[PDB]
Amino acid sequence: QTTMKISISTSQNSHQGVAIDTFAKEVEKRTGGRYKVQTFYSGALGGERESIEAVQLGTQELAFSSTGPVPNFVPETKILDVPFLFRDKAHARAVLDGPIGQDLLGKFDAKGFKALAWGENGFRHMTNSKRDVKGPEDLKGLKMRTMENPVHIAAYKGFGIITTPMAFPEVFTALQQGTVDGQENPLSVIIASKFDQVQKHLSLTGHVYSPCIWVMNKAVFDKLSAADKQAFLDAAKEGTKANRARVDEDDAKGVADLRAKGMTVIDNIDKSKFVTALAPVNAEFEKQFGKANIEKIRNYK
Ligand SMILES: O=C(O)[C@H](O)[C@H](O)CO
């Protein structure tokens with residue numbers, strides 16, 4: 001048997017942890033034990049950028065990651081990180097599972113990966129330790145951690161946020177020590193990382209959709225037999241099913257869960273106010289990634 005490694009930045013008991021555990025189980029079953037996959041949680045093999053870099057270098061075979069750091073490797077994916085592009089999870093999933101998403105997986109080939117499938121981190125929401133956020137003006141002047149994503153950083157600077165990019169494993173301590181006022185993430189991540197302990201304010205801004213991607217080292221993938229290549233592809237699809245189911249459960253439980261953990265949660269956000277604030281920066285995104293490409297995603301089924 002060949003034993004490979006896969007890593008994530010969140011816990012085993014999270015949407016991403018159930019994803020990689022399912023993937024690992026399915027690889028072993030479908031390859032008849034020829035391959036086994038050791039799982040690493042909570043940044044044990046580094047944050048997402050470090051893990052993807054390792055996969056590209058070949059020091060590690062696999063990673064499951066949000067798209068946060070992905071444009072640094074594959075710039076064609078940026079269009080997915082545009083705020084308020086996707087209406088809801090059903091829209092995003094349909095887009096990513098259909099030809100638009102499937103074509104984007106192919107762009108990873110030239111950068112030394114096989115991208116096995118798309119998965120899901122979820123819609124991201126603002127938290128902070130200073131004040132309730134009801135409109136964009138409330139974001140102005142907040143120091144917020146961001147991922148290492150240029151679309152997110154430009155967008156949030158558009159809200160007047162003072163941005164600080166950081167790898168995920170450093171975020172709890174930064175919030176704890178007040179190095180930043182806040183951050184933004186899906187409810188799955190806020191709950192699994194226990195950010196309720198260090199943030200008292202949450203607003204369901206849902207300001208961007210955060211995909212996850214399964215990446216494998218291209219050379220490692222290419223040396224698999226044809227049948228085993230298919231086993232890895234199918235194991236990733238099963239991992240995605242588990243992943244998405246967990247996101248749906250976490251989004252359903254999340255507001256109540258966090259209220260019980262002491263957060264003040266603002267659950268009825270008027271997103272149009274935030275769209276209006278972003279209009280100038282959004283115009284630039286549309287010009288960079290192409291209005292035709294944006295509208296194709298918007299109008300997809
Ligand atoms: O905030 C982040 O960096 C990501 O959402 C997290 O690592 C899970 O993918």
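Residues numbered from 1 in each chain as written, not as in the entry; some residues may be left out. Heavy atoms only, no water. Residues with missing side-chain atoms left out of burial classes, pairs and counts.

Looking at the PDB entry, one finds the chain named TRAP dicarboxylate transporter, DctP subunit, with Polaromonas sp. JS666 as its source organism. The record lists the entry's title as "CRYSTAL STRUCTURE OF A TRAP PERIPLASMIC SOLUTE BINDING PROTEIN FROM POLAROMONAS SP JS666 (Bpro_1871, TARGET EFI-510164) BOUND TO D-ERYTHRONATE".

Draft legend 1. Highlighting the site of the ligand. Around the ligand sit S9, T10, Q16, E48, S66, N121, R124, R145, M147, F168 and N185, and those are all the residues in its vicinity. For the ligand, an oxygen atom lies 2.7 Å from a polar atom in the side chain of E48. Here an oxygen atom of the ligand sits 3.0 Å away from a polar atom, N or O, in the side chain of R124. In isolation the ligand exposes 270 Å². Once the protein is present, 98% of that is buried. Here the residues of the shell around the ligand are counted per class, giving two nonpolar, six polar and three charged. (Near = heavy atom within 4 Å. Polar contact = N/O pair within 3.5 Å; in protein donor to acceptor, adjacent residues only side chain to side chain. Areas by Shrake-Rupley, 256 points an atom, 1.4 Å probe, with all protein chains shown as cover. Nonpolar A, V, L, I, M, F, W, Y, C, P; charged D, E, K, R; others polar.)

Draft legend 2. View of helix α1 (residues 15–30). Look at α1: 22 Å from first C-alpha to last across 16 residues, which is about the 22 Å you get at 1.5 Å a residue. Those residues of α1 that fall on the buried side of the exposure criterion are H15, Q16, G17, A19, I20, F23, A24, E26 and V27. Two to three positions downstream of the cap, the backbone nitrogen of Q16 sits 3.3 Å from a side-chain oxygen, assigning the N-cap of α1 to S14. Positive backbone phi, approximately 60 degrees, marks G32, located one or two places after α1. (Helix = DSSP H or I, 4+ residues; strand = E, 2+ residues; numbered from the N terminus. Expected span 1.5 Å × (residues − 1). Buried < 20%, exposed > 50% of the residue type's maximum accessible area, 1.4 Å probe, protein only.)

Draft legend 3. Structural context of helix α5 (residues 150–158). Among all positions in α5, only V151, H152, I153, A155 and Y156 are buried. On its buried face, α5 is in contact with β4 (113–128), β5 (143–146), β6 (162–165), β7 (182–185), β8 (201–217) and α11 (279–289). In this structure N149 caps α5, since a side-chain oxygen of it lies 2.9 Å from the backbone nitrogen of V151. Looking at the residues trailing α5, positive phi occurs at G160, about 85 degrees. (Contact = heavy atoms within 4.5 Å.)

Draft legend 4. The side chain of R145, seen in detail. Structurally, the position occupied by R145 is in strand β5. Salt bridges are absent for the buried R145, whose nearest opposite-charge side chain, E184, sits at 4.9 Å. Of the polar contacts made by the side chain of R145, one reaches the backbone oxygen of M166; its length is 2.9 Å. Filtering out sequence-adjacent residues up to four positions away, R145 remains in contact with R124, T164, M166, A167, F168, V171, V180, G182, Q183, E184 and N185. (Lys, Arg positive; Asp, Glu negative; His and termini not counted. Salt bridge = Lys/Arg side-chain N within 4 Å of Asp/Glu carboxyl O.)

Draft legend 5. Summary view of unusual backbone geometry. Unusually for a residue other than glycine, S42 sits at a positive phi of about 50 degrees. With respect to the helices and strands, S42 occurs in the loop between β2 (35–40) and α2 (48–57). What makes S42 partly exposed here is its relative accessible area of 46%.

Draft legend 6. Examining the pattern of salt bridges more closely. In this structure the tally under the stated criterion is 23 salt bridges. The residue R49 makes a salt bridge to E53 at a minimum N-O spacing of 2.5 Å. With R49 and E53 both in helix α2 and four residues apart, the pair spans about one turn of that helix. One continuous salt-bridge network, built from bridges that share partners, spans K25, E26, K29, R30, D234 and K237.

Draft legend 7. The UniProt feature "binding site: D-erythronate" (unreviewed entry) in the chain, seen in detail. Residues given the UniProt feature "binding site: D-erythronate" (unreviewed entry) here are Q16, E48, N121, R124, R145 and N185. By the element assignment, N121 lies in strand β4. By relative accessible area, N121 is classed as buried at 3%. Other than its neighbours up to four places away in sequence, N121 contacts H15, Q16, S66, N185, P186, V189, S210, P211, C212 and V247. Among the polar contacts made by the side chain of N121, one reaches the side chain of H15 at a distance of 2.7 Å. Note that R124 resides in strand β4. (UniProt positions renumbered as here; feature names shortened; annotations may be inferred.)

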